[PDB]
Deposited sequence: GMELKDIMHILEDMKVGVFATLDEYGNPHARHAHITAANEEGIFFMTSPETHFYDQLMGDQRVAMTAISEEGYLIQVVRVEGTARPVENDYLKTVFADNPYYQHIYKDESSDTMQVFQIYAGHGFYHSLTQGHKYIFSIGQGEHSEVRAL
């Protein structure tokens, strides 16, 4: 199993809980849509003038957990890493002309978890994988 596949699974989860820090280091956590997820990282959006946006802009550190009980599997992904805002200039090199992903080009602001380490767990099958972003190991 490889990262392309883990990230495809994550992308299909559609939604994750993202934990970020304010200027006092206090934790905050909310659901956000996973716009895309692949070998390059995890992409999501938020709006300027939201606290999620402020927090990410003030401190790149992020943790995310996502879970799917879609189909007959129960799948959990946990990631800890760093997020940055990204513009179309960068997105084009990742998504290019692919029609499934044209919506990502700009209102909203896209961010990317560009570096980190993660854990993928299929609970019903007892399969655990650890991986990095920005290198997958079956435990």
Stretches with no C-alpha atoms in the model, relative to the deposited sequence starting at 1
1, 108-112, 141-145
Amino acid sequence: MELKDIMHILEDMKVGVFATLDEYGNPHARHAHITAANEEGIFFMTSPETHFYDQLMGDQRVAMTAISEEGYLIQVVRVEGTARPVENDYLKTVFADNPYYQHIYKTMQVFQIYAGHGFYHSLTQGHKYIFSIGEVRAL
From here on, numbers count along this sequence of modelled residues.
When mean C-alpha B-factors in the record are compared for 95-103 and 52-60, the larger belongs to 95-103
Using only modelled residues of the chain, where does the Cα B factor of residue 69 rank: lowest third, middle third or highest third?
highest
Chain thirds by Cα B factor, record data; residue 39 belongs to the highest
So, residue 29's CA B-factor, relative to its chain, sits in which third? The lowest
Quick check for you: using the entry's CA B-factors within this chain, is residue 86 in the lowest, middle or highest third?
lowest
Residue 110 CA temperature factor, ranked by third within the chain
lowest
